[PDB]
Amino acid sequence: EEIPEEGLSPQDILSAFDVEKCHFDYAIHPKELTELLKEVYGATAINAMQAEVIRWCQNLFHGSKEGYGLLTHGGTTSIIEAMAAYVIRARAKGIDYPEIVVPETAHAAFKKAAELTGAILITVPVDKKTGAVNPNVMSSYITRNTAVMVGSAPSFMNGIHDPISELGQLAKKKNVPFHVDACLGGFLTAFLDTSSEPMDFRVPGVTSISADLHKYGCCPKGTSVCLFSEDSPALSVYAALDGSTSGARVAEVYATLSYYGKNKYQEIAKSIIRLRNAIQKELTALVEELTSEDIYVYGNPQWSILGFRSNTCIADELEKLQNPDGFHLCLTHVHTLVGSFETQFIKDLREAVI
């Protein structure tokens, strides 16, 4: 209830949380990584590695090194960075009350940046059949005030991405910035074959991309990256933010991306998807017997997330989501390591509806 008036011994301290050499007398990472991180940490509590880490990420999303990116405090923050800088230009452009144009399915970290930046959040409905925003419907929402439009790739709350390449078409035609939020799916897609439908800088007029390192980059929770194009009208503002620095947190990421390697990130991604298909087949299985209507997966997801909904009545009863009530399962490396994930949770997902 108070700070120890007198220091506590190291044994009694880490006893709150020894298997250790020095004598003070969810998936868990390979001990030789858990500790590789330990000794990089002890040596940072450097300029080269941040600039390198970003330029890795700028290649992960097929960007060019005339753009600009930086690290932030993880998730919402890479979204404040972009949103902030975008309404800074909008104002410096001359716009008094700029808007943020997003789909309802967008991350809750947009109302906040709007309210933070003193901006207007314009929320555009998505196709209620596919869960993806209709670019034509979004067109009915862009005026001069628009500082930036947003596409989720995918969207946190259903695992359904917007069509980035079509939204990118509408972008230039209305000549506004087009932030792609990929905080969730960024580091799962950037190791998958998105090519017939890219969601990065391979889409013309996708000035900005936000991505979170932690979940699929497998870095500790507390870092992210926000990348800007060179046509990104936001450089205007930086050329004149949020975010504070800490050298170790670069190091923990530089050491982590390197230790995993590139096609280690790939095999987790492909395994998360195989599992996603897997869960779905064991689900529509039951409907070879419970019915479509009792429970279902919303839409045709492509990645790590499976949103579940139900028109009859399941989630915090499932101990074994936003306004359309539901719950999504966010699949992850650990879900791939648990033997037979699909035919447990689904035959304990029925054990929830009953």
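Heads up: residue numbers just count along the shown sequence, starting at 1.
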Completion exercise
Per the record, the count of deposited residues between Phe17 and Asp18 that have no coordinates is 1 to 3
Practice task
Note how many residues of the deposited chain are left out of the model between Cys313 and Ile314; the options are none, 1 to 3, 4 to 9, and 10 or more.
Solution key: 4 to 9
Practice task
Averaging the C-alpha B factors as listed in the entry, name the stretch that ends up higher: 248-256 or 182-190.
Solution key: 248-256
Problem - Stretch exceeding the other in mean C-alpha B-factor - 100-108, 142-150 - result: 142-150
Handout entry: Options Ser304, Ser64, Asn300, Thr44 - largest CA temperature factor per the record
Key = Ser64
Handout entry: Residue of maximum C-alpha B factor among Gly222, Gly131, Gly118, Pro198, per deposited coordinates
Key = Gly222
Fill in the blank from the handout: Chain-relative C-alpha B factor for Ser229 (record values, thirds): the highest
Completion exercise
Assert third(CA B-factor, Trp56) within chain per record equals lowest
Completion exercise
Binned into thirds over the chain's modelled residues, the C-alpha B-factor of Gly217 lands in the middle
Completion exercise
By the entry's values, the third containing the CA B factor of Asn158 is the middle
Handout entry: Within-chain third of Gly205 by Cα B-factor, per the entry
Key = highest
